[PDB]
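**Q** Structure in structure tokens, see below.
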Amino acid sequence: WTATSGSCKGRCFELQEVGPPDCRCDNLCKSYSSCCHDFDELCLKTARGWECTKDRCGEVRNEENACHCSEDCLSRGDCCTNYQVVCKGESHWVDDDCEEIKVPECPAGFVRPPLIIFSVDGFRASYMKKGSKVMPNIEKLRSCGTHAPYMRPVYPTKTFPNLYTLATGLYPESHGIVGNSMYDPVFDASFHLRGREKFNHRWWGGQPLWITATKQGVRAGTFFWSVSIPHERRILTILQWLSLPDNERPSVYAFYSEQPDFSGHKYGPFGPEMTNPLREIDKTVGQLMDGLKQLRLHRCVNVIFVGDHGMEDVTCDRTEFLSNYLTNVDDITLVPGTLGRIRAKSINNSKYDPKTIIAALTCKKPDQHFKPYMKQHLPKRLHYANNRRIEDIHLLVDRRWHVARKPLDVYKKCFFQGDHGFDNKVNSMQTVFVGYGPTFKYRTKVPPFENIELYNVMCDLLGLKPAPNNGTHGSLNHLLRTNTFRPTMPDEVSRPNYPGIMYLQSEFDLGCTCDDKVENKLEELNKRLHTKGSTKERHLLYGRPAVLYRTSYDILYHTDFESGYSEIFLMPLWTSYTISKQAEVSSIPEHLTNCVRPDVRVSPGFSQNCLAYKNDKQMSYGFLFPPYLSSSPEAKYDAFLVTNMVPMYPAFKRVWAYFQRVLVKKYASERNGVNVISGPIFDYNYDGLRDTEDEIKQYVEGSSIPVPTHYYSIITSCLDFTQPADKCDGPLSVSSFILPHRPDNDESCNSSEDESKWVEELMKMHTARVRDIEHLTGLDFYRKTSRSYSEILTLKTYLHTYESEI
Ligand SMILES: *[C@@H]1O[C@H](CO)[C@@H](O[C@@H]2O[C@H](CO)[C@@H](O[C@@H]3O[C@H](CO[C@H]4O[C@H](CO)[C@@H](O)[C@H](O[C@H]5O[C@H](CO)[C@@H](O)[C@H](O)[C@@H]5O[C@H]5O[C@H](CO)[C@@H](O)[C@H](O)[C@@H]5O)[C@@H]4O)[C@@H](O)[C@H](O[C@H]4O[C@H](CO)[C@@H](O)[C@H](O)[C@@H]4O[C@H]4O[C@H](CO)[C@@H](O)[C@H](O)[C@@H]4O)[C@@H]3O)[C@H](O)[C@H]2NC(C)=O)[C@H](O)[C@H]1NC(C)=O
Ligand SMILES: CC(C)(C)OC(=O)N1CCN2C(=O)c3cc(-c4ccc(Cl)cc4F)ccc3NC(=O)[C@H]2C1
Ligand SMILES: [Ca+2]
Ligand SMILES: [Cl-]
Ligand SMILES: [Zn+2]
Ligand SMILES: [Zn+2]
């Protein structure tokens, strides 16, 4: 029960939640069955429409009307948004030439520029050019404010996961909303778009914008609107709130539209029936902007126009069914659609074996429109593993496709031509961002960015201190006229050692051999200087990376490379080298194929040994700086030092050798030299963060040599490619990857062919931001450049997608 029969009179859309069992007069009361008897009557008026007409101007105030055209209307703060246009001969906001907003132009009482979030659902990024003829208001915001060509959602590209990421600056794995449908195995409860479970606060983690504001003394408008409340009402409600007295008036507001997503599901992203939903949205933006112009706020408010995700062509006939792959289809549960998630049907069966499930789903059809992963082996750029609500088995589905359990689920559980939720680098999933206001720049285009980054920015605009999030604060400073935030480099925690020659050959008993005895007054002081760092500014162009945790490590210098060697992990944390466009590839000579040499700078005790790799049949080794790319036969001996050595599965050595022998030189060709930094990553617990010495779960058999989970590389050159990588005067260009280090190549269905048909496709799939690598290594790159630090934080958030132009 709820004794809900008090009044809403004078309380229509109040900002507080009053104590039960009283009656409420806010957006959630409809959802909670808690509204006052008169709520509909008073708080949802519709009489006479939403627009003034020439025969209403200066009328008798009739309280029952939806909005007003009377003389007192501006004072009451409740006119129809076109009241000035009809009754006072003022022009629409779209019709005015935009004039730069050099300073905020706010009425008295207004301490700071308000922020209005205008969020639109399923608004595909290509709509801004393709629908530009039927969206004159939106086009003005875009062209006069600050806009990206598109904005990147988070995976899965679904509604609830994206709205709450916008709200928090968190990955879905961190905020807890990992899909529109979820099973928590500890709650033993399910979360769905339909029903009541979603109303409990235990699902929603992190701290969203409106809570962050509240706790810091900034009043917030609503971020939930009933579907039944028409969009015209939503706007007048926001405009009413802006009219309130100073100490009652919120600083941050939200408007949400269900369109164009609701139609895109029925008609597909470009159906002819899509023109009217785009017409609708542009009117609502017109109404808001005319409304702000009325109350003198259109040169004072910051507006964000933003989408949750895009929309792809998807139909029933493009459904892959699991019952065509698995005999035991009734011992699994599947979360279906544009992404697949599998768990056991019953916890009782300990016979349920994820390995057999994955084996049956791997490369079984030449056409296969999905690929199975254990969640820990998904690309790290999706950050979709670390939550108990994400099932162990995941299916990445091809764009334009679906997966289901059995055919009966499709025709009795065709009505649709659109869907979304695919991999977040897929063009059709990209969405929009426009910023318009005093605090944004004027007629400015910025590079595409991720939606995780907007939390920090909306905090700046409101003078708040952002709760801990996954954005990189400072990386979007270039969108703003003036910044609240001045970013600074983290301090180095561990300074390196610089060992000289301290050990004799005969002190080592590592089980390694090499043909290196056969070998001057000229050349001895030449290669002396290389071990002392004479060519440090050739192979290490942006400073040594900084180690941001407490450890024990050595810098080691060579003619062709320089490395950060960990005494704790017995292998380098990072290896840096520059391959110029002129450089040549050469082969490993017959006598040096088994060559591994002790390093006289590093002790036998803090060194790897050949014996452990001999003992381990499953485990061979590779090298971080590639022998193939040695600058001279004399130099090559450096590449074989035991301190350049890393553990690698034979299967992985195939991917690695082809990267080192073919791809590095080809990049150097295209990019006018490249500088590469490569290293191991240890993330056994898949939280996306480096693992400490006492979290290692795998060692090369009988050794203390830890086994990396991934291997990374960062590849940097000059954005103006007419300048060589190592003599670049301005901005830089980068691409990176995080290869999973796996004992098989089951992920690449074509792997039995030559490496040239598959390896590059694999690396493309595991593309990465420098910032992802920093989280996983505890390192900090690009310490010493000529570029501003804001420009460097942008560089670090960059992701090279290998998609063609939108
Ligand atoms: C993206 O950004 C986010 C935010 O910055 C990063 O996530 C943070 O990472 C931290 C490191 O993992 C983590 O810090 C821990 O916090 C513990 C307290 O946790 C609660 O309080 C915070 C603060 O309000 C709150 O945010 C948390 O919310 C989580 O949990 C609730 C309910 O369960 C969820 O509703 C919510 O969605 C969120 O879940 C997420 O995080 C949990 C873990 O917290 C995951 O399991 C989920 O999958 C989900 O992603 C909590 O309510 C604190 O107690 C910890 O301190 C222990 O550990 C450290 C390190 O050893 C140490 O300093 C302490 O001594 C202490 O040790 C004790 O526990 C150890 C482990 O069992 C053990 O070794 C000892 O024996 C001790 O008993 C710890 O500091 C922080 O909570 C999250 N924040 C969020 C919001 O997720 C994220 O990493 C970033 N991602 C990337 C890729 O960079
Ligand atoms: C109603 C119930 C399901 C109980 O939960 C709620 O009320 N929420 C659940 C969480 N939430 C959201 O994440 C949410 C975010 C946005 C949003 C959009 C863009 C930008 Cl730049 C920032 C944002 F914040 C818009 C609309 C929205 N819609 C909601 O519904 C609210 C409140
Ligand atoms: Ca980790
Ligand atoms: Cl889902
Ligand atoms: Zn959506
Ligand atoms: Zn949708």
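Just so you know, the numbers here start at 1 and follow the chain as drawn.
Any Cβ shown, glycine's included, is placed from N, Cα and C.
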**Q** Between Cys8, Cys12, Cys300, which residue forms the disulfide that Swiss-Prot gives for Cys106?
**A** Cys300
**Q** Determine, on the basis of Swiss-Prot, the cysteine among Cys23, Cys43, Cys52 paired with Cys36 in a disulphide.
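**A** Recorded disulfide partner of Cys36 in Swiss-Prot: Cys23.
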**Q** In Swiss-Prot, one of 487-508, 773-794 is tagged region 'Required for secretion'. Which stretch would that be?
**A** 773-794
**Q** Near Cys363 (disulfide bond), how many other Cβ atoms are within 10 Å of its Cβ?
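**A** Result for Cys363 (disulfide bond): 14 neighbouring Cβ atoms inside 10 Å.
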**Q** Tally every other Cβ atom lying within 10 Å of the Cβ atom of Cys73 (disulfide bond).
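**A** Within a 10 Å radius of the Cβ of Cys73 (disulfide bond) lie 21 other Cβ atoms.
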**Q** List nothing but the one residue from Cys8, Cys57 whose Cβ has the fewest other Cβ atoms within 10 Å; the candidates are the disulfide-bonded residues.
**A** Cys57
**Q** CB neighbours of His420 (1-tetradecanoyl-sn-glycerol 3-phosphate binding site) within 10 A?
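**A** Looking across every protein chain shown, the total is 30.
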**Q** Where the chain breaks for 2 residues between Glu519 and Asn520, how wide is that break in Å, taking the Cα atoms?
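**A** Distance across the unmodelled stretch, Cα to Cα, is 10 Å.
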**Q** If you measure every Cα to Cα distance among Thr159, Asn180, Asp261, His420, the residues said to bind 1-hexadecanoyl-sn-glycero-3-phosphate, what is the biggest one in Å?
**A** 15
**Q** Which has the fewest other Cβ atoms within 10 Å: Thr159, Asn348, the recorded positions listed?
**A** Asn348
**Q** If you measure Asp261 (1-tetradecanoyl-sn-glycerol 3-phosphate binding site) to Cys749 (disulfide bond) at Cα, how many Å is it?
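**A** With the alpha carbons as reference points, the distance is 35 Å.
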